[PDB]
């Protein structure tokens, strides 16, 4: 059966390219017969965003010719913290636990404010202590991963986590990304003003949720992948953009 990559991005004050504000992004992986439902889902997701009404949006589909790999979601643990500063401290400890040196963590945190506007993810090289990709404000956009809702809902029931598509999306991405042999860890929180939970993820500790990573009403987010590998960055960028992943949980 043939699957399709469906992607969306939306911005205001022009195309993202112009120097507009990123509003929303989406990526889906589906059989052809879900095309209409999926295009509408992405349209609606872009139109009803807390960051604002877009004046630019692109939606796109194409056939995927690489074969699909189906994986488990990462194990999930929720860390309850009382404030953003405690969440950020915990985040740094978790990154160090997973194998990132403290020094590389500090260098990344120096740039993170600069990367608030990035539309995808930043790749940070642990060998240089510096950004590895050259996409600048565009970022690297991981795509061609998805998680059928029914299975995701079964997973959320069991995990005592709410069945919000925001978590599905985050965990599908974290799971695809941590599977990459060159990715040691990911740090994330949302650019949406209305969601303060973030996470750190890696192969050892799984998907570590942190219930407060920033204040409500702020639009600064973070998506950094810490890279430890022997290959060029374009190889890895191609892996993240092109490798098709479906999530399927079983107990």
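Residue numbers count along the first chain shown, from 1.
Novice: Quick one: across the other PDB entries of this protein we compared, is residue 25 left without coordinates in at least a third of them?
Specialist: No.
Novice: At least a third of the other compared entries: do they leave residue 234 without coordinates?
Specialist: No.
Novice: Select between 74-82 and 154-162 the stretch whose C-alpha atoms have the higher average B-factor in the entry.
Specialist: Higher mean C-alpha B-factor in the PDB entry: 154-162.
Novice: Compare the mean C-alpha B-factor of 17-25 with that of 225-233 as given in the PDB entry, and name the stretch with the higher value.
Specialist: If you average the C-alpha B-factors of 17-25 and of 225-233, the larger mean comes out for 17-25.
Novice: Return the residue from 141, 97, 180, 168 that has the highest Cα B-factor in the entry.
Specialist: In this record, 97 carries the highest C-alpha B-factor of the candidates.
Novice: Compare the CA B factors listed in the entry for 218, 190, 211, 58 and report the winner.
Specialist: Among 218, 190, 211, 58, the PDB entry lists the largest C-alpha B-factor for 218.
Novice: Can you tell me which third, lowest, middle or highest, the CA B-factor of residue 90 falls into for its chain?
Specialist: According to the entry, residue 90 has a C-alpha B-factor in the chain's middle third.
Novice: Please say which third, lowest, middle or highest, residue 118 falls into when its CA temperature factor is compared across its chain.
Specialist: Tercile = middle for this residue's CA B-factor.
Novice: Report the third (lowest, middle or highest) to which the CA temperature factor of residue 124 belongs, ranking only the modelled residues of the same chain.
Specialist: Middle third.
Novice: What third of its chain's C-alpha B-factors does residue 63 belong to: lowest, middle or highest?
Specialist: Residue 63: CA B-factor falls in the middle third of its chain.
Novice: Please place residue 104 in the lowest, middle or highest third of its chain according to the CA B-factor in the PDB entry.
Specialist: Tercile = highest for this residue's CA B-factor.
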